[PDB]
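One chain follows as structure tokens, the form deposited in one PDB entry.
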């Protein structure tokens, strides 16, 4: 178990702050969805969480302080563009890569994450020549293999079709039940089954953080509200899904 704690955290790339005094706690077992317009600071926040960026302020991993090198050691990260974490002549070499630091085990933890993301049978293929969706699947796999307490995903299924998006999220949800912290940045929210929290980022600060209901209520304009939920509150249970099969 565990709990990341951002206290008075702010970040600059070079110019002005892209994060301005952020305060949050991310606790194992719950799932956090992060939303906000382009250039709000979602990815920067996430990289500061996975120890990929050193930020100003205090960050605690389980009471004690944490430098980036400790944070990395305990949060797996998935890039918006999977290609920047893909390396290896073949797929198993790719998954194997951050099992860098045994050969026995380090081969079906592999094909476990591969069957999990739906990539079984391509483990002997040049990662470079996978399809876009399959490259994303790959990145998810390699991060999952790490077996970190926290999973920081930066729009992981942004190029899978909604059935695939839905299934991947179900995998994540399962992993939430097994006591893994999950922080998820997305622009769709459509495929999201359930969530413990939604954070909204405006311009470096966390504007909102609560239930989904509270979110659809406050009315944000930068974030697309799922047609499914709009259709839930009016009409109610119309049992639309029958149309998918209609006997």
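The term rigid core refers to the most C-alpha atoms you can superpose between the two forms while keeping them within 1.5 Å. Residue numbers count along the first chain shown, from 1.
Quick note: we don't show the form deposited in another entry, though the next part is all about it.
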- prompt: Can we say the CA of residue 223 moves by at least 2 Å between this form and the one not shown when the core is superposed?
  reply: yes
field: Relative Cα spacing, residue 231 and residue 196, in the other entry - shift of 3 Å or more
entry: closer
- prompt: Where do residue 33 and residue 237 end up in the other entry, Cα atoms closer or farther than shown, with a change of 3 Å or more?
  reply: closer
